[PDB]
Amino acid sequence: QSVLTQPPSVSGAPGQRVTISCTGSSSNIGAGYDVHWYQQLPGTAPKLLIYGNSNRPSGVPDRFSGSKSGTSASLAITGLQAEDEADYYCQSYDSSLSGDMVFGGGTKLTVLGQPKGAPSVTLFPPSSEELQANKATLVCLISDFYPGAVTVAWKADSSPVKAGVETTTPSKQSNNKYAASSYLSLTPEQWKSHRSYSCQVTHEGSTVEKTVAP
């Protein structure tokens, strides 16, 4: 919940023009107060993108523009680039109570047409130091895949292991591909008693399986 309203997601084709809307009420945007926009790349602080309805800070490409009309405002992006994938927030001022700086809820912008990327998979066995501490963790690191959906399965020898698995959501990298991590917890006795363990990554109907042995 936020005082201004934005579509949660907007998509556009490369090189085309896309708009992100921001609606308010007669107490904020419609009361004559300016609308500002912030761009947030993943894991980074918001940065000013448009101020005073339509002004660009230095360092913002002129493909970005802003306008406002009545109780709403609009961020427009021409010649859509892959590097424009980010979250976008509008912001204004509301005078209904004491004078409130208010936000929209954010829009995630997707640039369509990105080619598929197969995942790079690095599998590490438990460290000797961890085994000496009577624990064992296998670490499966998955990067550079697109689109952002993988499934990760583990095997003891050839048999699926369902217990002791923790896997992150896929997270967007700076290059617009995705990363994820999967962790298999074992006892040192399990790790030493099998001939190997495997991390199998499924992505877009293809699988990559890496295997490590004691």
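Start at 1 with the first residue shown and count on from there.
On average the C-alpha atoms of 77-85 have higher B-factors than those of the other stretch, with 123-131 and 77-85 being the two compared.
Checked against the record, the higher mean CA B factor of 86-94 and 108-116 lies with 108-116. The residue among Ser174, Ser182, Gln40, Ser54 whose C-alpha carries the highest B-factor in the deposited model is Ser174. Per the deposited record, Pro61 carries the highest C-alpha B-factor of all listed residues (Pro46, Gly66, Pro61, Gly164). Looking at the C-alpha B-factors along this chain, the one for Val208 belongs to the lowest third.
Ranked by C-alpha B-factor against the other modelled residues of its chain, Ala13 falls in the highest third. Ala31: CA B factor in the highest third of modelled residues in this chain (values from the PDB entry).
In this PDB entry, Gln200 carries a Cα temperature factor that places it within the lowest third of its chain's modelled residues. In the deposited entry, the Cα temperature factor of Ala149 places it in the highest third of its chain's modelled residues.
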